[PDB]
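Sharing a structure with you now.
Convention: sequence-line order gives letters A, B, ...; per-chain numbering from 1. Just so you know, ligand 1 is whichever comes first in the structure, and atom 1 is the first atom listed for that ligand.
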There are 4 protein chains.
Amino acid sequence: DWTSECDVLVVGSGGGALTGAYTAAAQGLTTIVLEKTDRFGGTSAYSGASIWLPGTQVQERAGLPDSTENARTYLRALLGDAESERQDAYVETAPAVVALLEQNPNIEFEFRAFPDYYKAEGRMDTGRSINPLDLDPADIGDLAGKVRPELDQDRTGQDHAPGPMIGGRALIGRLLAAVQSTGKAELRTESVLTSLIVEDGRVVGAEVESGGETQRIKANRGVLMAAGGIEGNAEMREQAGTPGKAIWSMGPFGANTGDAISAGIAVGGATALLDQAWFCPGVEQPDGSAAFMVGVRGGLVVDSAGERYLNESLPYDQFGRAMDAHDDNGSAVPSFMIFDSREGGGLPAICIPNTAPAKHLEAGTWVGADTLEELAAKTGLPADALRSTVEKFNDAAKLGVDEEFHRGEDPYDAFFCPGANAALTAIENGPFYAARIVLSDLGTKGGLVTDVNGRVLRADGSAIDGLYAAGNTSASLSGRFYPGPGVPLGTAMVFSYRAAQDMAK
Amino acid sequence: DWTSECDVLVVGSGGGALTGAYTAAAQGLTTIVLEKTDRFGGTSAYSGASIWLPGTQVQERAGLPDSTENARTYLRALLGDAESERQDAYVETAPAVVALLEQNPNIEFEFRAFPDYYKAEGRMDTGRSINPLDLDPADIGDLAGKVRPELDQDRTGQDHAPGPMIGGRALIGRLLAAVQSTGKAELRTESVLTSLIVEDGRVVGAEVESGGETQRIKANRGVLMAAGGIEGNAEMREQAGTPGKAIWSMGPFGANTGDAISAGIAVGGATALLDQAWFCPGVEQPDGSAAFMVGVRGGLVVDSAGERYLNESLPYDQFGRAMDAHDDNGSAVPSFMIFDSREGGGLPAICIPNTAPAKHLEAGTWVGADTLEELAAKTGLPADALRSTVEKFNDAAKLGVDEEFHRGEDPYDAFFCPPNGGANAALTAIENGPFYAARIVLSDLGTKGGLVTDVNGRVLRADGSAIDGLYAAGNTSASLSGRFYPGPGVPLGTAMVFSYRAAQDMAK
Amino acid sequence: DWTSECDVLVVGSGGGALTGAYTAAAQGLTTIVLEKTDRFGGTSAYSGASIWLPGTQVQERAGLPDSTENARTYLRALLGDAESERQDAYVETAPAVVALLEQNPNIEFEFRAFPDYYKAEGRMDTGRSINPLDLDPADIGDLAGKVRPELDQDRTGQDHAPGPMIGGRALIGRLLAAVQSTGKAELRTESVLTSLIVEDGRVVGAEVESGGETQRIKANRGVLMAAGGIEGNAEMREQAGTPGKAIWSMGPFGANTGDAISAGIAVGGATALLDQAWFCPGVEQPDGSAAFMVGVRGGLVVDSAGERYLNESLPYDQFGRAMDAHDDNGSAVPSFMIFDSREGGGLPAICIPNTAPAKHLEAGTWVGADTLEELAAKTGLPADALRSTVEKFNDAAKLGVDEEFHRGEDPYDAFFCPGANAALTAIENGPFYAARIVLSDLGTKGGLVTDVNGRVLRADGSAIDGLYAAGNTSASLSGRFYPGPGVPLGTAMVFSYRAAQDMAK
Amino acid sequence: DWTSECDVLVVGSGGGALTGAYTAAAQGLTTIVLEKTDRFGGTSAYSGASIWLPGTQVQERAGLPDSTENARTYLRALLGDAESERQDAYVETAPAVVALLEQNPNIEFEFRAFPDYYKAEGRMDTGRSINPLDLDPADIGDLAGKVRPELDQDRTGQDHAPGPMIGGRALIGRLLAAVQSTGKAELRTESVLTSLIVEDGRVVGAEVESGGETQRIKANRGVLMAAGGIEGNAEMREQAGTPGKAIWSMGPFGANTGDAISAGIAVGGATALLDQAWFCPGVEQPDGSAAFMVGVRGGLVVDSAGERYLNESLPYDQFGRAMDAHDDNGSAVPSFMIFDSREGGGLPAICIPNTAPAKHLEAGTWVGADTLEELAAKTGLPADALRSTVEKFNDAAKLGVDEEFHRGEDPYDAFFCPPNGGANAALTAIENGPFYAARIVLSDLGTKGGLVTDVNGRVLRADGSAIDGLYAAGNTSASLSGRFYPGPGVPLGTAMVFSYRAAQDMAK
Ligand SMILES: [Cl-]
Ligand SMILES: [Cl-]
Ligand SMILES: [Cl-]
Ligand SMILES: [Cl-]
Ligand code: NA
Ligand code: NA
């Protein structure tokens with residue numbers, strides 16, 4: 001009947017999942033971690049591993065003037081009372097999560113400056129998020145080769161490049177080492193959750209595919225599903241009304257297809273926010289995929305009418321949401337980023353992965369021209385509107401003020417730029433370029449409804465015993481907002497920890 | 001006649017070239033740097049930026065027990081008296097080069113452990129080489145985007161990945177910022193030396209292609225040619241008898257085609273060591289290129305007879321030279337690296353660039369099999385020999401001693417191995433299938449033959465006389481190291497010292 | 001005539017002096033540093049090496065929300081307009097000093113939390129001061145053995161203990177290595193300034209004793225005198241009306257006897273603030289010296305009448321100034337710190353150097369008793385007043401409020417303490433102890449009048465050509481205030497730098 | 001009858017004792033720790049807290065190429081088959097001890113480079129030992145003040161200096177916090193074991209003095225005696241034939257007077273190796289005591305005949321043993337360390353505690369002179385021999401080779417030497433006067449002879465049988481290392497492994 005048995009079954013291997021697994025395994029509960037693909041970490045591995053866990057011992061070490069209450073105030077100011085109990089659990093539990101994790105020899109974080117994303121009471125203009133320290137891959141042995149590589153390697157048929165493991169690779173490599181060190185955890189790759197097993201109304205285990213064979217794994221205390229969102233599943237996204245496209249998602253291709261959300265729905269779990277994502281502008285690639293565009297430091301962006309319609313320096317989720325709001329049957333998706341040869345043909349932003357300009361020009365995702373009139377012809381933009389847009393923006397750059405969209409009036413805008421306003425630079429030294437910008441995502445954020453301890457709830461608010469969800473398998477407490485750097489990982493980690501604690505009671 | 005004029009004309013933009021440029025420009029000499037391609041740095045940018053500049057203030061700050069004389073002793077012990085004057089200039093000048101460079105706010109180095117490569121008096125088992133600190137690209141402005149990206153990006157149609165600039169990218173980014181900061185230097189890309197201009201027997205400038213137009217650039221004090229070797233030029237390699245192949249070279253494809261060496265020969269420069277390179281084993285790629293294989297930590301290697309013939313843990317140049325020495329009509333090039341599934345299908349070494357196993361297996365550069373007999377059939381190796389080779393190696397791993405090739409009896413062999421191995425961290429049994437065989441070819445990190453030079457980088461004629469106004473350093477010059485790669489950073493260290501000395505000579 | 005020549009002659013080898021020397025030597029000026037004793041560093045070597053240099057790249061790395069203007073506002077709020085130009089130069093120049101120093105491979109700093117000392121607009125409750133990184137003594141070669149050792153070694157006939165060089169020893173060891181690295185500087189020990197040499201009204205060099213021989217050293221650009229204060233000169237202190245005593249000073253015994261201040265007076269330099277010091281409470285030692293008492297976390301303090309008279313948690317300079325104000329009798333100098341056995345007999349504060357309780361008890365600097373009545377008899381304190389004082393304090397601890405002196409109503413009070421108020425802890429588990437507390441100092445702060453570039457001024461405000469002063473050789477811009485951690489070193493370093501820059505013009 | 005009762009009674013509070021206590025208390029056994037003095041930690045607190053626990057998770061996290069088997073090979077190569085079972089238990093159990101301890105939130109270690117002490121198969125030239133992380137005293141509350149301070153404070157009437165707790169202070173502070181955190185342990189100071197209580201041939205408890213009153217404490221599972229060696233007991237040392245002197249021992253004055261070893265003998269425990277110690281050269285102090293001399297980086301050493309007789313750069317135990325071997329009725333004890341004014345009068349080594357040169361000169365433990373002839377007169381050395389010895393050594397320094405004692409031919413010798421020496425960083429000419437001679441005596445870091453034990457720490461009788469209920473570890477026990485100090489951290493590492501194993505045995 002049962003192929004194996006454990007106390008805590010964890011589905012997925014991102015930051016949340018591994019934090020849940022660690023929490024369970026470190027207090028003596030036998031734990032099995034199931035990863036679908038041949039690598040641990042998912043999108044978490046791709047990430048910069050900024051983590052929004054405020055008011056902890058990490059920020060105390062840095063002498064940061066902030067607190068749990070200040071962070072609570074910020075969330076409340078942005079999110080309102082919707083999900084206030086989960087907002088409270090999120091900020092209140094951050095210190096304990098960080099304390100537990102840093103008690104492991106394989107884990108250490110530090111504060112790294114990066115501004116919160118909205119002007120509101122409680123905002124930190126320099127940020128409050130933390131990051132794992134760089135990791136020498138030699139220091140975790142055979143685990144390094146099981147961590148998913150960064151986007152710049154993973155989508156070009158490559159494994160890790162020669163430096164240290166940084167960002168998400170450090171996060172996942174350190175979490176894995178921690179989980180392994182407990183001696184209470186079994187880490188499996190190529191093991192796919194297919195359905196949950198329910199007895200007398202309680203989730204008691206799961207059915208799983210690996211090795212072509214199907215298995216049944218018993219979970220005495222519970223199942224934590226932290227297996228990502230629906231971002232890779234075009235059908236679910238289209239049914240939910242999610243903007244963007246699977247092909248533009250920055251999740252690992254084919255990994256996060258909503259399997260855990262579906263398995264949860266099948267046993268009665270309610271869902272929410274399925275039309276929402278962690279949005280970002282994406283630089284369209286030759287193969288139809290996208291690259292995360294972050295840290296804009298020049299150029300401007302136009303809709304298909306050749307006009308500016310947003311502050312290009314906006315945090316990525318707000319940028320993406322403005323694309324979607326402006327879009328009318330494709331007038332803003334794609335949009336076009338217009339820039340000159342100031343950076344030798346390079347686009348003035350950080351693009352992940354970072355495809356050379358020559359490949360884009362060869363494929364036609366970018367076009368270049370000696371004049372704006374010619375650029376307009378090649379892109380389908382109106383020449384007069386485009387010329388007029390650029391002249392107006394260049395006047396704004398001269399004055400150092402953008403009266404139309406107020407670019408360069410916020411610490412986030414200034415943060416990425418080294419004239420009168422560092423964020424406003426004239427577009428004037430040809431050749432000129434236009435890059436297609438699409439509506440990408442860093443995962444979706446809709447999913448199973450959960451309570452403050454990660455328990456999956458039915459439509460009436462009752463808890464499905466034995467079943468927990470966190471990360472993008474769960475509907476985010478953040479609703480339509482991306483409050484600052486590290487919220488996706490921070491929420492994932494806090495609720496995975498709380499789920500494991502609940503299972504331990 | 002002249003399109004522009006400067007005091008010091010530098011051809012190339014690797015570590016050496018930029019160090020020469022900095023040295024000239026920082027003491028007031030107007031300098032022009034010509035880079036052939038659209039990015040600065042060449043192979044130097046690809047490098048790990050380990051630099052063998054011993055006995056300097058950098059190693060003092062690490063409390064390293066070493067000195068100029070200890071380093072001199074090591075070179076002498078390996079190289080003998082051949083080029084002893086240039087050996088002396090190399091070690092004696094290192095401290096002044098480092099001191100000059102670290103004076104610049106854009107440049108700082110630190111010691112990083114990595115062992116010297118030969119057992120000899122003066123060897124540092126932990127190393128003595130230094131590296132530039134990681135560099136936030138934001139700290140050098142628009143120069144970051146002009147630095148050539150790492151191999152793992154540059155050969156897949158990509159620009160820099162998101163972290164800091166490290167290794168060669170930090171080296172070149174910092175050097176460029178230093179050169180720019182002088183206010184005496186002009187840095188040019190897509191500018192190609194075609195020939196040297198000689199008046200009354202003196203090199204007085206150069207002819208250069210850029211923008212489809214040809215230019216003539218006057219050099220009042222001299223021309224420093226640090227434009228790399230012949231690695232990318234199959235013809236020059238074949239004429240010279242150089243082993244390996246241009247496509248297997250780890251230099252940037254098409255950059256280093258021996259142009260400066262040819263230009264030097266054309267004005268009377270003598271050459272030497274043209275059959276020599278900085279060799280390394282390369283993991284054959286699906287497209288016929290190679291990947292630098294360094295830091296071997298498992299597996300074994302066989303020739304086409306299914307037998308071991310070298311210590312697989314040898315420093316890369318010695319490994320390469322052993323392939324070439326063993327090779328008889330292709331019996332050792334390619335060789336086959338045999339490994340098991342201990343690392344989940346990964347090859348137990350550092351491969352640059354790091355192509356995923358699945359691509360290799362799809363292309364057939366690697367083959368996998370559940371047994372050795374089958375692995376032998378898929379590679380052409382004799383099954384009995386292969387099986388026997390692996391059993392014997394596995395016995396050696398059990399005992400912790402390799403009596404046949406003495407692998408794991410040297411700090412270099414140990415340095416790259418992970419913990420919790422056996423008796424000998426370099427000897428790990430090949431026993432948990434599936435088993436794999438990867439083709440290994442004779443790659444290079446540049447060639448090291450070229451124009452004959454003196455202690456101040458001046459290009460010499462066959463009779464030993466100096467061609468006035470003409471200097472060479474880096475792989476445009478014949479290396480003082482001859483047939484030896486003494487330790488980490490010798491190619492960059494020699495390039496940097498002699499570029500500095502050339503610029504100092506021009507300043508007299 | 002002249003024994004040697006240099007561009008810049010620096011007298012002293014504390015943080016200021018070496019920073020001045022570095023600034024000169026790093027831009028090509030030949031520099032000679034003269035240290036009186038056989039070790040470099042003076043009191044600076046003894047220090048914790050907290051440095052109040054606000055709004056620099058160091059605090060930017062830590063994401064600290066502060067700025068030059070915020071720091072300027074704080075000084076102005078405390079100090080008023082007296083010395084406003086020098087207040088401006090101090091805060092405005094801090095970034096450049098830090099930038100120059102961190103450009104040297106031997107120097108790096110980091111922010112370390114430690115609150116500013118007064119409630120006022122611009123205060124950083126977590127601080128804004130910075131510290132040199134720990135230094136492995138092996139990394140600076142033979143220089144390590146030329147750095148003065150910490151107080152816990154230096155006053156017991158010892159050289160450096162085995163760990164890294166930290167605090168002032170790291171500051172001085174890194175500054176020395178930086179100065180040496182320039183190849184433009186000569187570092188001399190056992191070389192004592194005796195008088196300045198003036199030609200045509202310009203200071204052109206100095207007369208110096210070393211090796212029993214007197215020398216004359218020519219200074220082409222100038223002489224920087226950063227040779228400490230008058231703290232070790234009982235006569236100068238008495239003449240000036242400086243409270244405390246030379247033996248109680250935490251300066252190195254006999255080093256800082258006001259030599260440079262006298263030499264300056266002798267060529268026409270005006271002086272100011274000579275009755276002022278950087279004050280601190282000191283734990284009286286068996287040999288009549290003192291130990292810096294900092295980070296009070298328990299106990300209470302009484303005058304000779306057995307009554308509390310100050311907030312015992314005050315920053316040290318305010319504590320010291322309150323002792324002096326209350327002491328119109330020897331009634332407050334000594335005072336008595338009353339504590340119980342909560343810390344096993346240890347005094348609840350940090351004492352530098354840290355003499356064992358058993359030595360104090362043996363010498364009678366401390367007394368112990370099973371009751372307060374007996375403690376009073378052994379100390380001379382009135383028993384009833386003492387008992388009553390402790391009971392009242394204990395009631396305050398119970399309520400969590402000290403109505404009499406408002407202890408525990410400030411971030412500085414809280415910072416050092418791990419009931420209702422962490423700073424108020426009942427004194428109730430015997431045996432009970434009384435330790436004598438005297439009015440110590442961390443150097444005096446009166447001296448030669450100087451301008452924004454460190455030039456020594458005459459009584460009419462005119463500058464004595466060729467002559468500069470900084471650190472405690474100079475009258476501090478801070479007047480009667482110690483604004484926060486690192487002001488003594490920060491002012492010393494900024495004005496030494498500015499002096500060297502002025503000499504370079 | 002019984003004053004109190006516990007499952008496991010631990011005598012002593014050094015690293016071993018507290019590790020035993022933790023092991024017992026963390027798995028639910030009630031534990032009482034008895035410390036004789038008013039501070040916890042003993043010599044362990046004084047130590048650098050290097051710990052030789054190879055092949056554990058700690059060295060894995062540093063990527064160190066080493067293993068259990070490599071370590072086993074090293075011990076076997078030095079020690080031979082004598083105590084091979086205990087050698088095996090030591091290396092095999094290290095990982096589990098580390099794992100258990102690092103599971104506690106108060107404990108974390110890291111690898112720190114420091115070479116193993118002998119040239120032999122399995123030596124790590126960089127070392128394999130680990131150290132506790134620096135500890136903020138605020139993180140363990142009232143326990144910090146109960147930890148014995150470092151030597152540089154403890155022997156001058158001082159408590160902890162102002163930095164973090166490091167070395168032994170960190171080790172003991174973290175262990176204490178871990179023990180306390182179990183909620184199963186009672187930590188007592190000023191509680192002195194006087195004798196063991198035996199019923200029907202089983203040790204069932206102990207008699208203990210504290211508060212002037214005598215107590216009887218029942219131990220249901222057993223008594224672990226980890227109360228140090230005989231180092232502080234001149235009578236026991238003289239009876240055993242131990243070289244050195246109590247007054248020169250680096251143990252805390254009066255703490256380790258062999259009380260547990262005597263108590264064990266009294267109930268039938270056999271003893272071994274009582275004439276052995278963990279030896280070191282000691283710089284003789286004004287008060288007749290000594291200071292650990294480690295990390296020699298200059299000077300030379302002579303016997304009373306003014307001649308060199310050993311490699312001065314030898315690891316401390318080998319240095320000490322060479323003094324003892326050469327000594328003939330005081331010809332080598334004291335020896336004289338001869339040095340010049342290169343370091344301003346400082347002795348070229350690390351001395352713990354670090355008494356200023358002026359105090360030595362004032363007391364006459366050191367003498368200074370402008371010439372070697374005079375230095376000789378003041379020390380009782382022959383002038384000609386001394387002069388000749390120094391001239392010969394200076395020639396060796398010039399050549400960079402010491403043909404007589406081969407100093408500077410080993411990674412340990414090099415490890416402590418600053419840069420920019422000459423040919424050999426360990427050999428520096430003695431030539432810039434004044435010249436100094438410092439008296440060097442035969443100090444110790446504890447003795448290593450004591451009660452015979454098995455792989456689980458059980459005290460054995462002369463016939464090899466185990467005394468039920470009785471365990472010993474650390475220097476209360478005879479060391480498995482015999483006459484050898486294999487590398488850094490062996491005294492603490494053995495103490496900790498056998499204390500853990502004893503507690504595990506008691507838990508069965
Ligand atoms: Cl983020
Ligand atoms: Cl190299
Ligand atoms: Cl301060
Ligand atoms: Cl040791
Ligand atoms: Na790539
Ligand atoms: Na001391």
Proximity of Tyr316(A) and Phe279(A) rings by center, below 6.0 Å: no

Could you check whether the rings of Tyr117(C) and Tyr412(C) sit parallel, tilted or perpendicular, using 30° and 60° as the cut-offs? perpendicular

Tell me, with the steps shown, if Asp413(C) and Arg297(C) meet salt bridge (charged side-chain N to carboxylate O under 4.0 Å, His left out). CA-CA 8 Å; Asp413(C) 306 19; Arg297(C) 52 176 186 267; over 6 Å; no

State yes or no: are the ring centers of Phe114(A) and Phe416(A) separated by less than 6.0 Å? yes

Side-chain ion pair, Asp66(C) and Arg128(C), N-O less than 4.0 Å: yes

Listed pairs under 3.5 Å, donor-acceptor, residues 477-484 of chain C side chains, sequence neighbours left out:
from	atom 1	to	atom 2	distance (Å)
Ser478(C)	OG	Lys445(C)	NZ	2.8
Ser478(C)	OG	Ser476(C)	OG	2.8
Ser478(C)	OG	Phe481(C)	O	3.1

So, at under 3.0 Å, which protein N, O or S atoms would a careful student list around the Na ion (ligand 5)? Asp152(A) O, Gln153(A) OE1, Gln158(A) OE1, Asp152(B) O, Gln153(B) OE1, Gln158(B) OE1

